[PDB]
Each structure stands twice: as C-alpha cells, then as structure tokens.
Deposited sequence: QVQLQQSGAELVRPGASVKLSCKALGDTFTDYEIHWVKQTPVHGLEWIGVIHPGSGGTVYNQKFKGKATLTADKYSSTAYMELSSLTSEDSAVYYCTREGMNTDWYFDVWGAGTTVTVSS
C-alpha cells in the first residue's frame, strides 16, 4: 500500500511538500488529477538511486525526492496557484514489469487560497 499525507491548505506563491509512504525494487510516480485537465503524469523517482525524470510541464513546479533509510517519497510543489488545486496521487511501478500503476495511493488534495 501507498499511504499519502493529509490535505494541504496553502496560499498562492507558497510551496508545499506531500509525502507517500510505501508499506508492505520499484519506482514512485506522481499523477495530478483535475476535472479540466484530467490525469497528468508529473514524473518519477527511483528511491534506490535518487534518479528522477520529469514531465517538462512540471519542471520547476514539482520536485521529487525520496529518503534512503525510510520508504518515503516526497513531492514539493512550488509557485502555487489556483491552477494547482487538485488531487495528487502517488503510484508505483515495479522494475522489469509489463505494466505500470497497479498500486495507487488514495490521493492528497491541495487547495490554494
């Protein structure tokens, strides 16, 4: 399971850091959902190496990190605006698998005031 952090209520221009704890080799992906833009893949981190690949649309907006001594991944969203009010999912991809996102977190909502 992927356990996501609680809802965030933040002001325009600020930054917020969301977390995703893996319970129970993989890469961790983040996906934004809004009614107007649908599901958007933000990027991926491999916690073992720290390597990341971003969707260019989210470069600067999102920064992915992961701890080395806990199974926790993070996404920091910066320069926040009302366009960032959304649900953010973390999801997992197994190394050397034939499919992508079989396990999803429950989502974390961000509300930019």
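When the deposited sequence is numbered from 1, the segments without any C-alpha atom are 1 to 2, 27 to 30, 120.
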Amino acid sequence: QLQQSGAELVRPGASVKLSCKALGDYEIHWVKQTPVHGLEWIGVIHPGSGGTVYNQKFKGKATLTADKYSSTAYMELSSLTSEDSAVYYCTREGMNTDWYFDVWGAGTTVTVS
From here on, numbers count along this sequence of modelled residues.
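Mean C-alpha B-factor is higher over 76 to 84 than over the other stretch, the pair under comparison being 37 to 45 and 76 to 84. For the two regions 96 to 104 and 10 to 18, the entry's Cα B-factors average higher over 10 to 18. Residue-level temperature factors show residue 52 in the middle third of its chain, judged at the C-alpha atom.
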